[PDB]
Number of protein chains: 2
Amino acid sequence: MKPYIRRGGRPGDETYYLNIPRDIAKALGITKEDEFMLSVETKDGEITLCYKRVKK
Amino acid sequence: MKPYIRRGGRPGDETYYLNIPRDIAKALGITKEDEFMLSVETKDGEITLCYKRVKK
């Protein structure tokens, strides 16, 4: 998947999002109550964004 | 941090997103054409969503 990038009026106020596909979200029971801790790590010498579910 | 949940009619026809903080996005040079491969793992015994960049 490609990143989901949103903008406002002011230049440089853009925000970035990664999608959670429906069936993966459904299989994981992901809800608006969940909390994630984000780490940056290496997977196969490539850059990885890891969201660890910490709450709910 | 929490998920960015957007639209839905309620029935699991919702969409789920995880935010990349702007300066992590900037430090990784994230642009709209980057490609990410989503994998699901355990970290400290908790579910982790890992997004590996597979194309810049």
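Reading the values: rules and limits
Residues numbered from 1 in each chain as written, not as in the entry; some residues may be left out. Chains lettered and ligands numbered in written order. Heavy atoms only, no water. Residues with missing side-chain atoms left out of burial classes, pairs and counts. Contact = heavy atoms within 4.5 Å. Buried area = accessible area lost by both parts, 1.4 Å probe. Salt bridge = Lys/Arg side-chain N within 4 Å of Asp/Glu carboxyl O. Polar contact = N/O pair within 3.5 Å; in protein donor to acceptor, adjacent residues only side chain to side chain. Helix = DSSP H or I, 4+ residues; strand = E, 2+ residues; numbered from the N terminus. Nonpolar A, V, L, I, M, F, W, Y, C, P; charged D, E, K, R; others polar. Pairing = 2+ DSSP bridges. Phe/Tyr/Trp six-rings, centres within 6.5 Å; stacked < 30°, edge-to-face > 60°. Buried < 20%, exposed > 50% of the residue type's maximum accessible area, 1.4 Å probe, protein only. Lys NZ or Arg CZ within 6 Å of the ring centre and 35° of its normal. Least-squares fit on C-alpha atoms.

Per the PDB record, the structure was determined using X-ray crystallography to 2.30 Å resolution.

1. Digging into the interface of chain A and chain B
With 42 residues of chain A at the contact, the number on the chain B side is 43 residues. Interface area, chain A with chain B, both sides summed: about 4,200 Å², of which 60% is carbon and sulfur. Inspection of the chain A/chain B interface yields 9 salt bridges. A salt bridge links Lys2 of chain B to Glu35 of chain A, with the shortest nitrogen-to-oxygen separation between them at 2.4 Å. Across the contact surface, chain A and chain B share 24 residue pairs in polar contact. Elements that contribute at least two residues to the side of chain A that touches chain B include exactly β1 (4-6), β2 (15-20), α1 (22-28), β3 (35-43) and β4 (46-55) of chain A. With 9 residues, the single largest contributor to the side of chain A that touches chain B is β4 of chain A. Looking at the side of chain A that touches chain B residue by residue, the class counts come to 22 nonpolar, 6 polar and 14 charged. Examined bridge by bridge, β4 of chain A and strand β4 (residues 46-55) of chain B share 5 bridges and lie antiparallel to one another. In the sheet register, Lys52 of chain A faces β4 of chain B, and the bridge partner there is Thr48 of chain B.

2. Here's the deal with the packing of aromatic side chains
Taken as a whole and judged by the stated rule, the model has 5 aromatic pairs over all chains. Summarising the aromatic geometry, the rings of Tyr17 of chain A and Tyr4 of chain B are spaced 4.3 Å apart at their centres and angled 20 degrees between planes, so their arrangement reads as stacked. Of this pair, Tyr17 of chain A sits in strand β2 while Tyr4 of chain B sits in strand β1 (residues 4-5), placing the two residues on different chains. Plain terms: the ring middles of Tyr4 of chain B and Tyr17 of chain B are 6.0 Å apart, the flat faces sit at 70 degrees to each other, and that makes the pair edge-to-face. On the criterion of sequence distance, the pair formed by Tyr4 of chain B in strand β1 and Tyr17 of chain B in strand β2 (residues 16-20) is long-range, its members being 13 residues apart. Here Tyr17 of chain B falls in the buried class, since its relative accessible area comes to 7%. One aromatic cluster is present, formed by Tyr4 and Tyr17 of chain A together with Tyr4 and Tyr17 of chain B through successive ring pairs. Positioned above the aromatic ring of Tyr4 of chain B, the side-chain terminus of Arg6 of chain B is 5.4 Å from the ring centre.

3. Things to note about the relation of the copies chain A and chain B
The two copies are related by a screw operation: chain A maps onto chain B through 177 degrees of rotation and 0.3 Å of translation along the axis, at an RMSD of 1.3 Å. The two molecules are tied by a two-fold rotation axis, judged by turn and shift. Taking C-alpha positions as the reference, the residue of chain A nearest the rotation axis is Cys50 of chain A, at 2.1 Å. Most of the interface of chain A is mirrored in chain B, where 98% of its interface residues again form contacts.

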